[PDB]
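> whatever this is, show me its structure:
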Amino acid sequence: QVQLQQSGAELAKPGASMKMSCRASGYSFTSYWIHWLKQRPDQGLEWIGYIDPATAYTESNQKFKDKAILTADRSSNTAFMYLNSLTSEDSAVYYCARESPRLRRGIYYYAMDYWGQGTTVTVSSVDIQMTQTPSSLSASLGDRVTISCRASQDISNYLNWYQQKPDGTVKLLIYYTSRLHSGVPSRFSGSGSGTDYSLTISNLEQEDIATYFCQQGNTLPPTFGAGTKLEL
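Numbers count the residues shown, from 1 in each chain. Next up is the structure itself:
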């Protein structure tokens with residue numbers, strides 16, 4: 001079983017540097033990319049970059065190009081991220097996540113199929129826009145519910161959906177508009193095309209209470225929606 005284990009919470013001084021790690025077990029580390037992401041209090045996620053462990057090649061978001069450096073060591077099955085010139089804007093939860101198996105030779109989904117548990121950092125002494133509606137939505141057990149997602153440009157069906165629980169745990173539910181991931185119960189379904197997409201949950205259960213994110217992976221950098229909170 002795939003597993004990603006991240007390092008423990010740290011505090012730091014303004015102006016300093018720091019280093020955090022992500023240890024892999026239960027699969028061939030050199031066969032899939034590792035991604036890094038940032039999430040601020042009560043906000044959506046931002047994508048920082050990825051590294052290919054087999055070749056050491058890296059890709060970075062222009063917004064983080066002076067802020068972060070990514071590395072990997074194959075023998076110890078571990079990836080790393082280094083940050084510099086820390087400010088209060090840098091206090092956040094940081095995550096690592098694995099890239100899913102490809103679509104065909106040279107064509108990836110940009111769907112993150114397994115996630116680490118997050119590291120909390122405290123500092124103390126044109127992009128494609130996604131729009132999710134509504135921002136929160138209440139329902140009762142056994143109901144049918146649908147949520148909507150729009151992008152600012154044709155994303156040609158490269159649209160993915162994730163679920164985040166109150167304790168931070170993140171998982172992939174659907175990739176490439178309508179494909180279920182391993183272990184997802186078939187009461188989850190999705191549809192769309194062009195710029196307009198939706199997710200539908202049939203026969204709600206109490207373990208479905210959470211926050212839901214959409215994400216395009218047509219063009220770099222990957223961008224996320226701001227979330228829909230689903231409550232009883």
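
> CA atoms for contacts and neighbours, from now on please.
Noted.

> nearest residue to residue 180 in space, please, no chain neighbours.
residue 174 (4.8 Å; Cα to Cα, 6 or more residues apart in numbering).

> from residue 197, how far out is the one you found?
Going from residue 174 to residue 197 by Cα to Cα, to the nearest Å gives 12 Å.

> now do the shared contacts for those two.
By Cα atoms under 8 Å, 6 or more residues apart in numbering, residue 174 and residue 197 have these common neighbours: residue 190.

> which one of those two has more residues nearby?
residue 174 (24 against 20; other Cα atoms under 10 Å).

> what is the neighbour count of residue 93?
19.

> let me redo that: residue 1
5.

> can you give me the helices for this structure?
Ranges of helices in the chain, per DSSP state H: none exist.

> domain map for it?
Under the assignment curated CATH domains, the domains of the chain span 1-125, 126-226.

> chain center to the last one: distance?
The one in question is domain 126-226. The chain centroid and the centroid of domain 126-226 are separated by 12 Å under Cα atoms, centre = their mean, to the nearest Å.

> check the first one too.
Once both centres are worked out by Cα atoms, centre = their mean, domain 1-125 turns out to sit 10 Å from its chain's centre.

> on that earlier part again, and residue 232, which of the domains of the chain is closest to it?
domain 126-226 (5.0 Å; Cα to Cα).

> might one say that residue 94 is in contact with residue 45?
No. Counting by Cα atoms under 8 Å, residue 94 sits too far from residue 45 to count as a contact (9.5 Å).

> now the common contact residues for those two.
Counting by Cα under 8 Å, 6+ apart, the residues touching both residue 94 and residue 45 are 37, 38, 39.

> quick check: the spatially closest residue to residue 64 that is not a sequence neighbour vs residue 36, distance?
Spatial nearest neighbour of residue 64, chain neighbours left out: residue 48 (6.4 Å); criterion: Cα to Cα, 6+ apart. Distance of residue 48 to residue 36, given as Cα to Cα: 6 Å.

> contact partners for residue 204?
With Cα under 8 Å, 6+ apart, residue 204 has these contacts: 140, 141, 142, 143, 144, 145.

> what does residue 100 give?
32, 109, 110, 111, 112, 113.

> 10 Å instead?
32, 33, 34, 108, 109, 110, 111, 112, 113, 114, 175 (Cα atoms under 10 Å, 6 or more residues apart in numbering).

> skipping adjacent residues, who's closest to the last one in space?
Distances taken as Cα to Cα, 6+ apart put residue 160 closest to residue 175, at 4.4 Å, once the chain neighbours are dropped.

> shouldn't that neighbour be in contact with residue 189?
No. Proximity of residue 160 to residue 189 does not meet the contact threshold set by Cα atoms under 10 Å, at 11.6 Å.
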